[PDB]
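What follows is a single chain, given as structure tokens, in the form deposited in one PDB entry.
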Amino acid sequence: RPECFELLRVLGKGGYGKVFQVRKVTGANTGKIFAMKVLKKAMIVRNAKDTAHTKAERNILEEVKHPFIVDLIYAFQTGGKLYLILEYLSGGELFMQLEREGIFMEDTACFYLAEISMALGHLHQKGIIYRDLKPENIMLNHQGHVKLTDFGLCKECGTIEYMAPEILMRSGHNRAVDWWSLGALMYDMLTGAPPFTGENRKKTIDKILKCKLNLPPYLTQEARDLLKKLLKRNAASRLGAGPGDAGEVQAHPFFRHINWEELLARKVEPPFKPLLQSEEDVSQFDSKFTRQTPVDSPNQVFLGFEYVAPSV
């Protein structure tokens, strides 16, 4: 429980609680740094979908161990709070790397999109959907591989720039939305901007719903092609929208230089290497958050929420 963890830093904040950087104190894994995520039970239980959703996240981070998905090392509770201990992803938000770098070289984008396309594959086999591939929602670990992290209540629910039309029309949707999203993510990577904007939210949607795609000349034919098959407004036919799913996608010429087995084993050199002078090094995050002093102010429905990662 809470006592074992010393709050080193604030890494993220929101309506529902906070994400803390903390070093464990007692027992082995003593000294080891983690990320602590704390939700107020208060704000979750007064809504229906919120509670199920928090619980889904709880059960998904357990059912799903996979190279490219934030792990759960402990989970537990108290009075009015919810605690998850995740590995601490010092690589920060893909969002940040994209700002620091401004734009990505193709084979740079290719490496991230590849790794990501594998977590969707994995996720889709457990009949799980990720919905949102904004760079904000994607993190890097210490060695700089990708980590999908957001499976629960979101951090507020943010920009819509990376949402397929079927979600924005609420017409009903499936695992296909992810491939639309992946395309939008890709396009942004290669051009420095989401495929649709967007004086404002209202107009952005109109674009995402109505406008023709815009493929700059400096885009290689394969990339021009992926973007087009992935940003398909008709879902039935959006690449990846078939029984083969992730497979249909990974098998596009864009990904011809990818060794899926080495990639999965984290043996492909990440295009960028988090610069860490230490385990707790946070110079990859945003001193907007890291500056602040880390404080944890003090018939439930969250049964056997507690959790402990098997060996270790």
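Counting begins at 1, following the sequence as shown. Residues that one form lacks are left out of the comparison. Throughout, rigid core stands for the largest set of C-alpha atoms superposing within 1.5 Å between the two forms.
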Does the comparison with other PDB entries of this protein show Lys49 lacking coordinates in a third or more of them, where both adjacent residues are built? yes
Where the other entries model residues on both sides, is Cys157 skipped in at least a third? yes
Would you mind checking whether any residues of the deposited sequence sit unmodelled between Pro298 and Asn299, and how many (none, 1 to 3, 4 to 9, 10 or more)? 4 to 9
According to the PDB record, deposited residues with no modelled atoms between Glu99 and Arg100 number none
Of the two stretches 138-146 and 210-218, which shows the higher Cα B-factor on average in the entry? 210-218
For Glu62, the third of its chain into which the C-alpha B factor falls: middle
Assert third(CA B-factor, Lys203) within chain per record equals highest
Ranking every modelled residue in this chain by its Cα temperature factor as given in the entry, which third contains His122? lowest
Please say which third, lowest, middle or highest, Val268 falls into when its CA temperature factor is compared across its chain. middle
Considering every modelled residue of the chain and its Cα B-factor in the PDB entry, is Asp188 in the lowest, middle or highest third? lowest
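Below, we turn to the form deposited in another entry, even though it does not appear here.
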Looking at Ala193, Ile128, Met169, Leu219 between the shown form and the other one with the core superposed, the single C-alpha displaced by 2 Å or more is at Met169
Direction of Cα pair change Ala184-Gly172 in that other deposited form, magnitude 3 angstroms or more: closer
Sense of the change in Cα distance from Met186 to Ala164 in that other deposited form - at least 3 Å versus the shown form: farther
Can you list, in sequence order, the runs of 3 or more consecutive shared residues with C-alpha shifts of 2 Å or more between the shown form and the other one on the rigid core? 14-17, 153-156, 158-173
